[PDB]
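K.L.:
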């Protein structure tokens, strides 16, 4: 049992942010996608004839069981075709838990809705890097060995806003055992003194992407834990340093001077010869009126009457 | 002579934002990419032995000539191989103006540096749309006819932060004449009473992209105007409506109520059972310390001495 703590797993972020134990309809959940995931399960149970308590129990079970996003592969857990067709064929971020009446594994399908999932934001020191190493931290709430991990990254065409995650959109970037190590003092895992940690080079993506982590027990029960983690690289601003021409080293003089371990925690774009705030407000209105299917075409300049 | 006013051309945005006439080194320019473009030309002239005035003149000429981002194709302006190999072979956003000593067309190569160019931000009403119509507005400061336009969009793999725009990264999405029309009262073009306007379906992109516009005169001189425009689609937030399960229509009762033409111009994510502001501040530090080439690996947990 466990979950990804770095980059924080999707369901783990929803669990820790809280606000889901009460009110029962999930209206106290602040993140819109955690709230939507909760409400999809809550509304699914209500549509199928369940009471408010059955619906709140089903949706709260999805959040509470953030360390049991699991599926049983049985003894043939090394057969990739068995995993992809029988164990986790779909609803990958729910670990194929699709039955609210049967526990384990209940219904965790709210976690597979598409939309604006909140990502871990990783700043780039230089925008031309091809890979960024991240030190993964997986938090085991229950220690199980022997085991191994697989880590996947979504293909570049994946769009978190509209797509479900599927095996055909995942690229394996890590496969093998990770030994248990003592958690560091800054660890994100408070449930245990041991964590699984490893560095993987993450292919840089220009869009928000998903990392998929599989923690598979090497045993005849073949229990595996599957978690989605939402991530985005944040680009450094300014000119690409490789295109930057520097001035020659110089010393100048004249009567007009204008001629020559801790860190820090729109009207700035106004100049003496341009009111950017005013222009940009008019430009924002222009975008709204001259883009999209409901744009101003002829009505502001054409008048008609019925003969 | 002219420039794209909607979506605003790159060089046109730099011109209108100002701050470049003085001080001469461009330090008064507020947008970092307009400032970098200016300073690249200014520093190029200084490196080649020019004075401060020659360097400021060259860089200011690049901004002032926002309606003359042009190249002469001669009588064979319809030959695409002549345009792509001889007229505008490279420095596409400068219209291949690469000679600060020779005017026209001077040196406008600062406009082809890569980096965080400020885009026109177009909001999406629905994230699943495949194309978004935009009504292009091209502002002619001098009226010339006959003429035609070509509009291109960068390929999906284009990365504004690191790449120069090239013909191999451009897809034609419009070719033909656009008739002159009276400007609307909300027009972005104050230089003339006539504009060129047309609607083009823009392929949705999940990243910041470039629109390339060619305004070609149909005449033996074969003058053509070439402009880059930076654009980004802004996604709508929340659950993808096609995945949204709605509750059945219901009426409930009980003693605990918790059981059941103008528009508007982080502590919100705290709940009663989670301090998000505190957690996220610790999570931001974790990202900085456990990602990148300078991450904490062994130094916080390992000590060594020389035998």
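Protein chains in written order, with the deposited numbering: chain A, 1 to 260, 312 to 316, 328 to 369; chain A', 1 to 260, 312 to 316, 328 to 369. A prime marks a further copy of an entry chain. Where a beta carbon is used, it is the ideal one built from N, C-alpha and C, also for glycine.
(1) Hey, would you say residue 26/A' sits closer than 7 Å to residue 17/A', going by beta carbons?
(2) Indicate whether at least one CB of chain A' lies closer than 7 Å to the CB of residue 148/A.
(3) Assuming residue 217/A and residue 144/A make a contact with CB atoms under 8 Å, what is their CB distance in whole Å?
(4) Closer than 7 Å by beta-carbon distance: list the chain A' residues that pair up with residue 184/A, in chain order.
(5) Please confirm whether residue 133/A and residue 201/A have their CB atoms less than 7 Å apart.
(6) Would you tell me roughly how many angstroms separate the C-alpha atoms of residue 82/A' and residue 91/A', rounded to the nearest one?
(7) For a minimum of 4 consecutive residues, which ranges assigned as the alpha helix (DSSP H) are wholly contained in the stretch 108–195 of chain A?
(8) Just how far apart, CA to CA, sit residue 114/A and residue 240/A'?
(9) Check for me: the beta strand (DSSP E) holding residue 70/A' runs from which residue to which?
(10) Could you check if residue 29/A' belongs to the surroundings of the ligand NAP, using beta carbon to heavy atom distance under 6 Å?
(11) Quick one, which of 230/A, 364/A, 215/A, 367/A has its alpha-carbon nearest residue 67/A's?
(12) Quick check: is the beta carbon of residue 135/A' nearer than 7 Å to any beta carbon in chain A?
(13) Can you give me the Cβ contacts of residue 32/A inside the same chain, cut-off strictly under 8 Å, excluding the 5 residues immediately before and after it?
(14) Assign residue 253/A to one of two classes, buried (16 or more other C-beta atoms within 10 Å of its C-beta) or exposed (fewer than that).
(15) Rounded to whole angstroms, what is the Cα-Cα separation between residue 7/A and residue 232/A?
(16) From which residue to which residue does the beta strand (DSSP E) around residue 231/A run?
(17) Considering residue 341/A, what are the terminal residues of the alpha helix (DSSP H) in which it resides?
(18) Using 7 Å as the limit for Cβ to Cβ distance, is residue 90/A near chain A'?
(19) Helix or strand or just coil, what does DSSP make of residue 200/A?
(20) Ignoring anything shorter than 4 residues, give me the alpha helix (DSSP H) runs that lie fully in the stretch 24–108 of chain A, in order along the chain.
(21) Would residue 93/A be called buried (16 or more neighbouring beta carbons within 10 Å of its own) or exposed?
(22) Compare the C-beta of residue 209/A against all C-beta atoms of chain A' and say whether one is closer than 7 Å.
(23) Leaving out five residues on either side along the sequence, give the residues of the same chain with a beta carbon under 6 Å from the beta carbon of residue 119/A.
(24) Quick check on the DSSP output: the alpha helix (DSSP H) that includes residue 17/A runs from which residue to which?
(25) Which partner residues of residue 6/A appear in the DSSP bridge assignment?
(26) Along chain A, which residues have their Cβ under 7 Å away from the Cβ of residue 24/A'?
(27) Taking the continuous beta strand (DSSP E) assigned at residue 215/A, which residues delimit it?
(28) Quick one: is residue 176/A buried, meaning 16 or more other Cβ sit within 10 Å of its Cβ, or exposed?
(29) Mind checking the stretch 35–46 of chain A' against chain A and listing, in chain order, the residues whose C-beta falls within less than 7 Å of any C-beta there?
(30) List the residues of chain A' that residue 336/A touches, going by C-beta distances under 7 Å, in chain order.
(31) Determine the direct distance from the alpha carbon of residue 21/A to that of residue 28/A, and round the result to whole angstroms.
(32) Along chain A', in chain order, which residues have C-beta atoms closer than 8 Å to that of residue 331/A?
(33) List the residues of chain A whose Cβ lies closer than 7 Å to the Cβ of residue 127/A', in chain order.
(34) Please list, in chain order, the residues of the stretch 88–113 of chain A that have any C-beta partner in chain A' closer than 7 Å.
(35) Any C-beta of chain A sitting closer than 7 Å to the C-beta of residue 239/A'?
P.N.:
Per the coordinate set shown:
(1) The Cβ atoms of residue 26/A' and residue 17/A' do not sit closer than 7 Å to each other.
(2) Interface criterion not met: the Cβ of residue 148/A is under 7 Å from no Cβ in chain A'.
(3) Right, the Cβ-Cβ distance comes to about 5 Å (below 8 Å), so this counts as a contact.
(4) The contacting residues are 362, 363.
(5) Contact flag set, yes.
(6) Their Cα atoms are separated by approximately 16 Å.
(7) The stretch 108–195 of chain A is shown to contain no whole alpha helix (DSSP H) run of 4 or more residues.
(8) If you take the alpha carbons of residue 114/A and residue 240/A', they lie about 6 Å apart.
(9) Counting along the chain, the beta strand (DSSP E) containing residue 70/A' begins and ends at 70–72.
(10) Absence of the ligand NAP is noted for the structure shown, with no ligands found whatsoever.
(11) Closest by alpha carbon: 215/A.
(12) So, interface residue.
(13) Correct list, in chain order: 115, 116.
(14) Classification of residue 253/A: exposed, given that the 10 Å Cβ count is below 16.
(15) One Cα belongs to residue 7/A, the other to residue 232/A, and the distance between them is close to 10 Å.
(16) In the DSSP assignment, residue 231/A falls within the unbroken beta strand (DSSP E) covering 223–234.
(17) Note, residue 341/A: alpha helix (DSSP H), 338–352.
(18) Residue contact check for residue 90/A against chain A': no CB pair falls below 7 Å.
(19) Note: residue 200/A maps to strand in three-state DSSP.
(20) List check, alpha helix (DSSP H) in window: 32–47, 52–64.
(21) Buried, by the Cβ-count rule.
(22) No, because no Cβ of chain A' sits closer than 7 Å to the Cβ of residue 209/A.
(23) Taken in chain order, the residues that qualify are 208, 230, 231, 232.
(24) For residue 17/A, the enclosing alpha helix (DSSP H) stretches over residues 10–17.
(25) BP columns for residue 6/A point to 137/A.
(26) For residue 24/A', the neighbours in chain A by C-beta distance under 7 Å run, in chain order, 259.
(27) Per DSSP, residue 215/A belongs to the beta strand (DSSP E) from 209–217.
(28) Classification for residue 176/A: exposed.
(29) Cβ contacts with chain A: 36, 40, 43, 44, 46.
(30) By Cβ distance, chain A' contributes 16, 17, 18.
(31) Straight-line Cα distance between these residues: approximately 9 Å.
(32) Scanning chain A' for C-beta atoms nearer than 8 Å to the C-beta of residue 331/A yields 17, 30, 31, reported in chain order.
(33) Result: 161, 162.
(34) Taking 7 Å as the Cβ-Cβ cut-off against chain A', the residues of the stretch 88–113 of chain A that qualify are 113.
(35) Closer than 7 Å to some Cβ of chain A, the Cβ of residue 239/A' qualifies, so yes.
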